[PDB]
Ligand SMILES: *[C@@H]1O[C@H](CO)[C@@H](O)[C@H](O)[C@H]1NC(C)=O
Ligand SMILES: *[C@@H]1O[C@H](CO)[C@@H](O)[C@H](O)[C@H]1NC(C)=O
Ligand SMILES: *[C@@H]1O[C@H](CO)[C@@H](O)[C@H](O)[C@H]1NC(C)=O
Ligand SMILES: *[C@@H]1O[C@H](CO)[C@@H](O)[C@H](O)[C@H]1NC(C)=O
Ligand SMILES: *[C@@H]1O[C@H](CO)[C@H](O)[C@H](O)[C@H]1NC(C)=O
Ligand SMILES: *[C@@H]1O[C@H](CO)[C@H](O)[C@H](O)[C@H]1NC(C)=O
Ligand SMILES: *[C@@H]1O[C@H](CO)[C@H](O)[C@H](O)[C@H]1NC(C)=O
Ligand SMILES: *[C@@H]1O[C@H](CO)[C@H](O)[C@H](O)[C@H]1NC(C)=O
Ligand SMILES: *[C@@H]1O[C@H](CO)[C@H](O)[C@H](O)[C@H]1NC(C)=O
Ligand SMILES: [Ca+2]
Ligand SMILES: [Ca+2]
Ligand SMILES: [Ca+2]
Ligand SMILES: [Ca+2]
Ligand SMILES: [Ca+2]
Ligand SMILES: [Ca+2]
Ligand SMILES: [Ca+2]
Ligand SMILES: [Ca+2]
Ligand SMILES: [Ca+2]
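Residue numbers (full-length UniProt numbering), protein chains in the order written: chain U, 667 to 1082; chain L, 1166 to 1271; chain E, 418 to 583; chain S, 3164 to 3246; chain G, 2664 to 2778.
Encoded structure:
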C-alpha cells in the first residue's frame, strides 16, 4: 500500500476510495504524508495495579504508544525511562523486582531482585546512567550503576520516604518524607549533603516533579490538597489555584505549559496549567489503583557533564561518577569497597563493610538475586519468577515439600 | 435480592418497577432520587451522584478564617490542624504555631 | 490439547493457508496449527494476558485479538511479528469480534462500557469511524457472527437470554 | 506598640493579629485577609449614605426619610436598622 | 616550618627565639608577628600573606616564596573530592584534565586522553 511499516484495510470508500490506511509499529509515529514513520519523542507514562502503559499527549488520539506491561500477579508503582535505548524501568511489588523493558516489548531484563521491600519510586540519571530508588521498608535510598550493576545505599534512617527526583545538570537530588513532621529534602547526587528545603505547611507530600523550562521544583500535597512550586533552594514558593475535585493526589509530572497529576480518590489522571492551575482536563478515569505518572521525552535526556566527556570517560572514576553543584564531579565505590588517595580509584574494605550472604539462613537463594522461604523450595510453584526453586526437584538429591504432592513413578512434584 | 436493586435483570424490567428507595441511616440520598450512597462520601469534595447534591449542601470556610477545629498562621493566613499548634515543630511559614505561650510535656 | 494445564478460549481459521488459531488465557498465549493437527506454533506471549476472542482477515492476512487485562483490540500478522492497537477509548468489557474484509467492516461487543451502557458496535477495520449498532434491549452481548451473502449481523446475549439479528 | 493584640514577656512583648488577619514582616502590623472590601455607611437628616474608606466612591442607600439619627447593621440576614 | 619536637599525640612545632612570632596553619607554620591575622578557610604563606585554600599544592607559585607548594605541606595535604590528582601528590581542577596543557608536575593531567 506504499506504507512504510503496516497497511490495514478500511472501508472500501475510505481514503479517497483506496480502502487502506497506514500504521506504524510501537515506538514509532506517523508523519505528514501519512505513509512514513518517525520515532516517538513525546508520550506520557502511567502505572497502575494491573498495568504500566503509555499514551499520547494529543487527547484526540487515545491508543497506546508502547506495548503495555502486565503480568500475573501485578502491582506496579514506580517507573522511569531511558530514551537512548527506548527503554523503561518499572518496579513490581507483587514480586519485589525492578525490570527494564523496551517500548516495543521485545526486551525484558531484571535490574535487581535483592533486598527490595517497599520500593515506591524510581529516578534515572542519564548522563552518568545511574538509577535511584526509594524503599519505605528499609527506609533508605539506593543507587545502582547499570553497566557494572554496582550498588550502594546513600541515605538511611528516613521515616516514610515516598518520592525521589534527580537533576543531573544541577547536581541535586530531591526527596520527600511524609511521616509527621513531613519534609522535602535536598541532597547532592552522591548523598553527601542533606538538608530540608521545605518543612513548613506540609502534610502528605506524595509527589515531586521538576520543571526544566524554568529549573523549578513542584510538589503535590494530599493533606491540604494543594499544588506548590518553588525554586531549587526552597526560598521562593508559590501555590497554584484550587483544582476542582483533587482530594488525594499521589503522582506529579510536568510537560511544557502543563502539569499532570494522579488522584487515588478519583482513580484518575488530571491535567492543569503549571502557571495558574485551572483548565482541568481528565485524561483517564476509573484506573484501578493508579500510582505514578511520568513523561517520556527524548529531548530532555540530551546533555553532557564531566562524567560523560569523551576524552576522559566516567570522570576517571572507576565505579561511580556523581555530578554535584557548580559543574563538578565526585567519585564513589560500591558497598564492599572504599576510596583511594586518588579518589578516581577504589579498593576493598573488609574491615568496615565485609561481604554478606544473599539470603540468610531460613530462605533459599534464587539465581536471579532473590530470597524465598525454604518451605517454598519445592511446593510446586515458581515462587521465584526465574523458576529457580522448582529446579531439579523430586530427584534423589532434592526431595519435595510436605505441602506438595509427589508423582510415584515420575519423581516430580506438583502443588497439593 | 434482584427484585429491586437498580439493575434491569430481565428484558422488560419487571424488577425495579415501582420502587421507592429506602436505604438505611448509614447512607445518603440524592436530590433527583436516582441514587443512594454511603455517608462518608457526603461532603468529601467529589461529586459522587449526578446534580452534585452530595456536595451541594455542605459547610464552607468562613471568609479569610478557619474552622473551630483548626488553627491559623499569622504570617500567611493559612489553616492547619488544631493538634499541630504547639507540638515542637514549626508548621507555619513564620513558625508562629510554636509560640511562647505553650507549656511542656514531661 | 492444551499443554501445561491450559484451556482453549477463542478459535478462528484461515482457509487458503490451512490454519487454525486459538487463544489460551491460562497460559497467556496464542497458538496456530494446521488443520491436520501438525505444524503447531506459538505466536504471541508478551502482553496477551487475558484474551477472549479472535477474528481473521484473509484478504490482508491479519489477525484481530480482543484483550481484557488492558481493554484492547489489537491487530497482528499471522506470524505475530507486527502489531498495532486499534480501539482503546471506551472499552470496559470487550468480548466479541467479527470482520468483513470485502466491505471493510469490524463489529464488536462490550457487556459493560466505561460509560455504563452495554454495547454492540460497528467500526472500520482500521478503527477510524465508530457507530453504535445496538443499544436498546441489550444485556450481556457475548458473541457476534456475520452472514455475508445477506449482509446481516447475529449476536447472543446471556443476561436477557436471546439470539438476535440485525 | 502593636496593631491588634500583644502578649507580655518577662523582658519584652510580642505582637499578634486576631483571626481573619495576617501579620506583615514589620512584626507589628496587621492586614485583613477577606476578599470583601469594607465600606462606610452613615445617616444624614433625609438620607443614608454609602462611602468607601479610600474616599473614591460616594452613593445613596436610601432617601426621603425624615430624621435618621441612628444606624446599625446585621451580618446574619444582611439587614440595616435605623431610627 | 622551623623546629619540631615529638610531643604526645604527635609532633609539635616551635618558631625561632630570634624575634616575635605567631603560629598558623594548624600551628604547623611560623609567621612573624605584626597582627593582620587572617580569616577562616584560608591558607597562609610565611611572608605573612593569605590566599584561598584551594591554591594550596596546586603546582602554581601563589606567594613570594613557594610556601604553598613545599613538600612539608604536600606530603600530608589531600586533594578535595571534586579535584583531580597526579602522581606528584598535586591537585588540579578537573576541567584542566585533558586540556592540552600540563598543569601537573608530570604529564599525568593529559595522560591517557582519548584523542
Ligand atoms: C526546617 O527548615 C529550616 C530551613 O532553613 C531549617 O532551618 C530547620 O532546621 C528545619 N527544621 C527541622 C526541625 O528540621
Ligand atoms: C422504609 O423502611 C421503613 C423501616 O423498615 C418502613 O417502616 C417503611 O414502610 C419503608 N417504606 C418503604 C416505602 O419501603
Ligand atoms: C515467546 O515466544 C518466543 C517465540 O517463540 C519464544 O522465543 C519465547 O521464549 C516466548 N516467551 C515465553 C515467556 O514463553
Ligand atoms: C435581598 O437580600 C436579602 C438578604 O437577606 C435576601 O434575602 C433577598 O433574597 C435579596 N433579594 C433580592 C431580590 O436580591
Ligand atoms: C550484603 O549485605 C549488604 C547490606 O545489606 C548489602 O545489601 C550487599 O549488597 C549484600 N551482599 C552483596 C553480595 O552485595
Ligand atoms: C525432602 O526434602 C524436602 C525439602 O525440599 C523436605 O525437607 C522433606 O521433608 C524431605 N523429605 C524426605 C522424605 O526426605
Ligand atoms: C460558607 O459559609 C459561610 C459562613 O460560615 C458563608 O455563609 C459563605 O457564604 C458560605 N459559602 C462559601 C462559598 O464560602
Ligand atoms: C510534667 O507533666 C505533668 C503532667 O501532669 C505536670 O504538668 C508537671 O507539672 C510537669 N512537670 C514539670 C516539671 O512541670
Ligand atoms: C584529605 O583527605 C582526608 C581523607 O583521607 C579528608 O577527607 C580531608 O578532609 C581531606 N582534605 C582536603 C583538603 O581535601
Ligand atoms: Ca485530601
Ligand atoms: Ca516453590
Ligand atoms: Ca506459595
Ligand atoms: Ca434488579
Ligand atoms: Ca461526595
Ligand atoms: Ca507545630
Ligand atoms: Ca514586658
Ligand atoms: Ca600554589
Ligand atoms: Ca591540563
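Where a beta carbon is used, it is the ideal one built from N, C-alpha and C, also for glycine.
If contact means a Cβ-Cβ distance below 9 Å, which residues of the stretch 682–694 of chain U contact chain E? 685, 686, 687, 689, 690, 691, 692
Can you name the residues of chain L whose CB is closer than 8 Å to the CB of residue 847 (chain U)? 1254, 1256
Buried or exposed for residue 446 (chain E), going by 16 or more other Cβ atoms inside 10 Å? buried
Option nearest residue 2769 (chain G) by Cα separation, candidates G:2671, G:2702, G:2754: G:2754
Which residue from S:3231, S:3213, S:3234 puts its Cα closest to that of residue 3266 (chain S)? Here chain S covers residues 3164 to 3246 and nothing more, so residue 3266 (chain S) does not appear.
For ligand 16, is there a heavy atom less than 8 Å away from the beta-carbon of residue 3171 (chain S)? yes
Beta-carbon distances below 7 Å to any heavy atom of ligand 13 define the shell here; list its residues in chain order, please. L:1167, L:1168, L:1169, L:1170, L:1171, L:1172, L:1173, L:1174, L:1180, L:1181
Backbone CA spacing between residue 688 (chain U) and residue 675 (chain U) [nearest angstrom]: 9 Å
Quick check: what's the CA-CA separation for residue 2762 (chain G) versus residue 987 (chain U)? 20 Å
CB contact flag (residue 1055 (chain U), residue 1038 (chain U), <9 Å): yes
Kindly list, in the order they appear in chain G, the residues whose Cβ is closer than 8 Å to that of residue 978 (chain U). 2760, 2761, 2775, 2776, 2777
For a contact meaning CB atoms closer than 7 Å, what does residue 3197 (chain S) contact in chain B? Absent here is chain B; the protein component of the structure consists of chains U, L, E, S and G.
Give me the Cα-Cα distance between residue 443 (chain E) and residue 1079 (chain U), rounded to the nearest whole angstrom. 20 Å
Between residue 1063 (chain U) and residue 837 (chain U), is the Cβ-Cβ spacing less than 9 Å? no
Answer with yes or no whether the minimum CB distance from residue 858 (chain U) to chain G is below 9 Å. yes
Residues that DSSP places opposite residue 479 (chain E) in a beta bridge: E:474, E:494
Within chain L, the residues that residue 867 (chain U) reaches when beta carbons sit closer than 9 Å: 1238, 1241, 1243, 1245, 1256, 1257, 1258
Exposed or buried, what is residue 433 (chain E) when buried is set at 16 or more other beta-carbons lying within 10 Å of its beta-carbon? exposed
Between residue 942 (chain U) and the rest of its own chain, which residues show a CB-CB distance below 7 Å, the 5 nearest in sequence each way excluded? 906, 907
Which bits of chain E does residue 672 (chain U) rub up against, with CB to CB less than 7 Å? 499, 501
Just the C-alpha distance for residue 967 (chain U) and residue 818 (chain U), rounded to the nearest angstrom, thanks. 24 Å
Residue 457 (chain E) to residue 449 (chain E) span [Cα, whole Å]: 6 Å
Please return the same chain residues whose Cβ sits closer than 8 Å to the Cβ of residue 876 (chain U), not counting the five positions on each side in sequence. 831, 833, 840, 882, 883, 884, 920
Is residue 904 (chain U) helix, strand or coil when you go by DSSP? strand
First and last residue of the uninterrupted alpha helix (DSSP H) at residue 1218 (chain L): 1218–1221
Taking a cut of 8 Å between CB atoms, which residues from the UniProt domain "LDL-receptor class A 12" (1187–1224) of chain L lie near chain U? 1209, 1210, 1211, 1212
Skipping 5 residues on each side, what residues in its chain have a beta carbon closer than 6 Å to that of residue 956 (chain U)? 714, 928, 933
Check whether the Cβ of residue 910 (chain U) sits closer than 8 Å to any heavy atom of ligand 10, and report yes or no. no
Is there a Cβ from chain U that is less than 9 Å from the Cβ of residue 423 (chain E)? no
Could you work out which residues of chain S lie near residue 1266 (chain L), taking near to mean beta carbons separated by less than 8 Å? 3170
Unbroken alpha helix (DSSP H) runs of length 4 or more, entirely within the stretch 972–1022 of chain U: which are they? none
Residue nearest to residue 562 (chain E) in terms of C-alpha spacing, selected from E:461, E:497, E:570: E:570
For residue 2669 (chain G), tell me which candidate among G:2700, G:2698, G:2691 has the shortest Cα-Cα distance. G:2691
Report the neighbours of residue 1008 (chain U) on chain G: residues whose CB is nearer than 7 Å to its CB, in chain order. 2748
Residues that residue 1176 (chain L) contacts on chain E, provided the C-beta gap is smaller than 7 Å: 554, 577
With a threshold of 16 other CB atoms inside 10 Å of the CB of residue 3238 (chain S), please say whether the residue is buried or exposed. exposed
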